[PDB]
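1. pasting the sequence and an experimental structure:
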Amino acid sequence: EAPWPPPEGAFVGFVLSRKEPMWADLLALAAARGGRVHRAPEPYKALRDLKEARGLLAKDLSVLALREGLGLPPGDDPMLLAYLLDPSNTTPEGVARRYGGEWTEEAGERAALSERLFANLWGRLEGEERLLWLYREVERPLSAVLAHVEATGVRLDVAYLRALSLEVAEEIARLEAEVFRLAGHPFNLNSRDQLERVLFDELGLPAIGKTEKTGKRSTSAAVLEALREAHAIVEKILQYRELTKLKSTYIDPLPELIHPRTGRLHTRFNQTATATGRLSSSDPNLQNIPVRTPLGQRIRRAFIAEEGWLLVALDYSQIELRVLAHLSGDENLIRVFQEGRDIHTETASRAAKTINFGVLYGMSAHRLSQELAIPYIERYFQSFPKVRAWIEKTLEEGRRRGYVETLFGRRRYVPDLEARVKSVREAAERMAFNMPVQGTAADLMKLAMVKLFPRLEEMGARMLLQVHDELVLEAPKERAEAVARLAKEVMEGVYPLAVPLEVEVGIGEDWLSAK
DNA sequence: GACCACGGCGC
DNA sequence: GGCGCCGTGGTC
């Protein structure tokens, strides 16, 4: 042990009062180097001494620093190394338990664990040049970008949501009142246990589906959809469920999450959470804001730009299919994207839509038989033979090596590619050949975020949200159209493929208007 | 108060 | 056919 401050390039360790760095109280700050732990007397002011957040969960501490007006960029993170070695490595505890060490609740030990786990996992990346490139060029600099993004937050029209809440509440009460009549008695409509008995035991409706673990008569939307005219209560329940779903998840909780220092809504972009290399948003989740239903579109208008600013929404156009074309090298599918006609009138030479989106997931003919209503695909695979050839090629290589790769080299280990149970094996297969498609699209989006962000700062623009294949920026009205033009070009040319990457742009005062 | 499994559902 | 969060129900 040595007294604060630590020397240059030391690994950091810290303890928060809660997982959300924007709401966290920094309880303890420490730093280790050469096995020598430096503990801070007072954590908050000791942040001024550090010049780079370097260690486990570095981005989180960086977000807290940005919250306190301190410029503390995140550098190395053993979590990012482990994630590239294996996407199943998602948490410091799991990483420590796998590669040695104990993840505890003391800042000094965490700083020591960070230095060690790094040297361990860094030595494992020796010779892994494609994994090292992803670290230096994508993941490590992206953490610095996501730090600024999380600390920036998005402006939210709270008053509009408070108003919308009262409006939805009355339609919910109206629907709940009618369900009670048709049932002949009141009951908890939010309780699926109670709803099952009313529909299937009391009113005697055909119970079709059944729950997985416990085996109960399912009352899901899919099951109820077939009963939506068998009785009016089924129609009223599904309407009721949509409103309660949106109100209890978005309309009510979100206005309670406005930060007192920024006055904006702050989310967390988890960098090591998915098995494909995708990002995930939590606390709250802003990657699943409603947009489908009419009421959902109303909720999205609550997400507004600052006064004197505009939102810039950039969406990739079928990036996965374009990736699939590049990975397969299918001459026919490439020609469809290359010429620039409607991608689906051309792959028809609605039936063409569903499998052109479903082939990425391994959509069987069973669901297509139900979706398009024809009785019980092969026509598609003969139009694009290399696509089928690529799937078989990926699965074959997946069984040998034990993992599948993205374009840049991001790997996911699929163990059940040789299971003796067909349902298990074919399930793992669908996970196996989807990862290179979803992972590459994730790699492209990530790399696009890395290249674009410093261009935003130099133009006085902001990066607010990422929705897998979508970006939401914030730029002053003056620079708004210039930012949209530069951002569009950074995203489309992030990494030149055998097919061009298309991006649609949109500018507005809110998320709904811009998109 | 806290915790979690489950079903159901938003993207 | 990759995610996070809701209320319910149960437990501590």
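-> In hand now; what should we look at? Numbering: from 1, shown residues only, chains lettered A, B, ... in the order given.
2. by contact count, what packs against the longest helix along chain A?
-> Counting by DSSP state H, the longest helix found in chain A is helix A:422-457. Here helix A:422-457 touches helix A:140-152, helix A:319-328, helix A:385-401, strand A:403-405, strand A:411-413, strand A:462-466, strand A:470-476, helix A:477-492, going by 3 or more C-beta pairs under 8 Å, 6 or more residues apart in numbering; DSSP states H and E. Yep, even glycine has a C-beta here, placed from its N, CA and C like the rest.
3. please redo it, this time with the cut-off set to 6 Å
-> Applying 3 or more C-beta pairs under 6 Å, 6 or more residues apart in numbering; DSSP states H and E, one finds that helix A:422-457 contacts helix A:140-152, helix A:319-328, helix A:385-401, strand A:403-405, helix A:477-492.
4. hey, C-alpha coordinates of the third one in PDB?
-> So that's helix A:385-401. What follows is helix A:385-401, C-alpha atoms only, in PDB (Å, rounded to 0.1, in the frame of the first residue of the first chain):
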ATOM      1  CA  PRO A 385     -27.800 -20.200 -53.700                       C
ATOM      2  CA  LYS A 386     -24.800 -18.800 -52.000                       C
ATOM      3  CA  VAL A 387     -26.900 -17.700 -49.100                       C
ATOM      4  CA  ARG A 388     -27.900 -21.300 -48.400                       C
ATOM      5  CA  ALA A 389     -24.300 -22.300 -49.100                       C
ATOM      6  CA  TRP A 390     -23.100 -19.700 -46.600                       C
ATOM      7  CA  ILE A 391     -25.400 -21.000 -43.800                       C
ATOM      8  CA  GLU A 392     -24.200 -24.500 -44.300                       C
ATOM      9  CA  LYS A 393     -20.600 -23.300 -44.500                       C
ATOM     10  CA  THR A 394     -20.900 -21.300 -41.200                       C
ATOM     11  CA  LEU A 395     -22.500 -24.200 -39.300                       C
ATOM     12  CA  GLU A 396     -19.900 -26.700 -40.600                       C
ATOM     13  CA  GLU A 397     -17.100 -24.400 -39.400                       C
ATOM     14  CA  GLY A 398     -19.000 -23.900 -36.200                       C
ATOM     15  CA  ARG A 399     -18.900 -27.500 -35.400                       C
ATOM     16  CA  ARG A 400     -15.200 -27.900 -36.000                       C
ATOM     17  CA  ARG A 401     -13.800 -24.800 -34.200                       C
END
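5. who are the packing partners of it?
-> Taking 3+ C-beta pairs under 6 Å, 6+ apart as the contact cut, helix A:385-401 packs with helix A:319-328, helix A:422-457.
6. now with 10 Å, please.
-> Here helix A:385-401 touches helix A:319-328, helix A:331-339, helix A:378-383, strand A:403-405, strand A:411-413, helix A:422-457, going by 3 or more C-beta pairs under 10 Å, 6 or more residues apart in numbering; DSSP states H and E.
7. can the fifth one be found next to DNA strand C?
-> No: Strand A:411-413 lies out of reach of DNA strand C by C-beta under 7 Å from any atom of the strand, never closer than 8.2 Å.
8. any figure for the gap between the spatially most central residue of chain A and residue A:181?
-> Centroid-nearest residue in chain A: residue A:280, 3.0 Å away (criterion: C-alpha atoms, centre = their mean). Taking C-beta to C-beta, to the nearest Å as the measure, residue A:280 falls 42 Å from residue A:181.
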